[PDB]
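Encoded as structure tokens, the following chain is the form deposited in one PDB entry, with no partner shown.
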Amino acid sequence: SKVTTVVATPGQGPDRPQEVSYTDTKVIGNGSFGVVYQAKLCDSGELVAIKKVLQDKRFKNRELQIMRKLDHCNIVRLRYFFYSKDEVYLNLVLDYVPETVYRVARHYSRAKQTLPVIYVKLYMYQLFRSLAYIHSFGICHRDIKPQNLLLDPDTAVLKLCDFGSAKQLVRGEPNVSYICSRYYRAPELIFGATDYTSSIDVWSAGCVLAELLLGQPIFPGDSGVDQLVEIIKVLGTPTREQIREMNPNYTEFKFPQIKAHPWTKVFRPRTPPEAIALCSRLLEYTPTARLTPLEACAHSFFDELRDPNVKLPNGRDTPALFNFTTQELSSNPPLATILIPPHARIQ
């Protein structure tokens, strides 16, 4: 009962500090992403995660200012923030969730068992949703992978986190190319591309999809150089025309020609055709040929989720999949027809 008490500015509301108290401060993480503690809210009893960073007093913060314009239930909610190695740290109080998709995938795999397809449908849909909400701002995550997909096991609700790498993409302004974890890095980035679009999130989510079908990473590779070699094995060698689309700085190739290994004989035998059809639309050399998140939500692979008489393996109802705002449908309103099925329109 060693209660810390600070004054903290609410995350999405108006700029009006309150008093807040909590306890049970133990460390849960410490790495590239920063320094995170678990903690317990005195009043409610609820759990939280608290990220801590030395902040350059004379400057804004790119992570804080991105999270303060966000309120989506597939995105980890920022509750409060405040300040406090010698001088000035920034603190962010976040919703706590104990399991991840990576952890859950890992368990099925090492025991030599496949992830039931229903869980594959649930997880990607909610991800594509989460991508659609941020892409309607210009904000690109730039670190989609299974370890950044938090998950409630009993309910199935899933929440993207870690907006440390996230950035608002602007036409004409250059951006760094060595970014995202290697196995989930789009080929344009590899090629040196500097004015890439938010469709790099869509590539990465494709790599996550295939992983959940095979029970292991689709493109490993043992270096930044070897990562395009593992890709080429599957999609063959790209054309000068494809290489132009990714980066207009390459004219001559540096690695012999290979032909495309077909999609059907990459996975196992019983795999559903729409999983494979979808996967082909995500993993394309050409950025503009890849689907949009919202278009991905409307794929025929997710039709089972829009059934009314559908439940989880533990009997329960599925979480709400059809409470789309206008902001969320804003990039293509016509799709409402499909995204919201009849029974979810009940006046």
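Basically, rigid core = biggest C-alpha set you can superpose within 1.5 Å across the two forms. Don't overthink the numbering: it's just position in the shown sequence, from 1.
Note that the form solved in complex with a partner chain isn't included here; everything after this is about it.
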Contact stretch among 130 to 138, 200 to 208, 245 to 253, 67 to 75 - heavy atom within 4.5 Å of the partner chain in the entry with it bound:
245 to 253
The listed residue (169, 232, 117, 157) that reaches within 4.5 Å of the partner chain in the entry with it bound by any heavy atom is 232
Taking any heavy atom pair closer than or equal to 4.5 Å as contact, tell me whether residue 190 reaches the partner chain in the entry with it bound.
yes
Could you tell me if residue 228 has a non-hydrogen atom within 4.5 Å of the partner chain in the entry with it bound?
yes
Given that the partner chain is not shown alongside this chain, does residue 84 nevertheless sit within 4.5 Å of it in the entry with it bound, heavy atom to heavy atom?
no
4.5 Å heavy atom contact, residue 223 and the partner chain in the entry with it bound:
yes
For residue 254, is the C-alpha shift between the shown form and the other one 2 Å or more after core superposition?
yes
